[PDB]
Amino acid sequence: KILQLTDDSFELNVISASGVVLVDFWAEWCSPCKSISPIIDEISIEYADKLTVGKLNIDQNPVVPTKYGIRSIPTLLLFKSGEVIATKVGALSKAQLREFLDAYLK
């Protein structure tokens, strides 16, 4: 239930979207990125009715990370409509991700 984003598809699927979208900026060489990957998937199924989860590999797609000034990974950007409403940099537990989303959805 995860949306694999690219530089070419990002504006179509995140900016132009009216709903809420969680974007996970990640890379294979980043071990914290891999550590939260099963958590992101669980959240995608868990919060499926509430938002859309998407991942963007910054090695393959550097332009969107550059445009938003992403310094480290993993960085989680919470979009509502086309704008960013909240940010979380660094690895996090499932409990912390739950609390983060609930704060802006529930």
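Numbers follow the displayed sequence, beginning with 1.
In the PDB entry, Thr87 places in the lowest third of its chain by CA B-factor. For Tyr68, the recorded CA B-factor ranks within the middle third of the chain. Only modelled residues enter the ranking. The entry lists a Cα temperature factor for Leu101 that places it in the highest third of the chain's modelled residues. Sort the chain's modelled residues by C-alpha temperature factor and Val20 lands in the middle third, per the entry. When the modelled residues of the chain are ordered by their C-alpha B factor, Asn61 lands in the lowest third.
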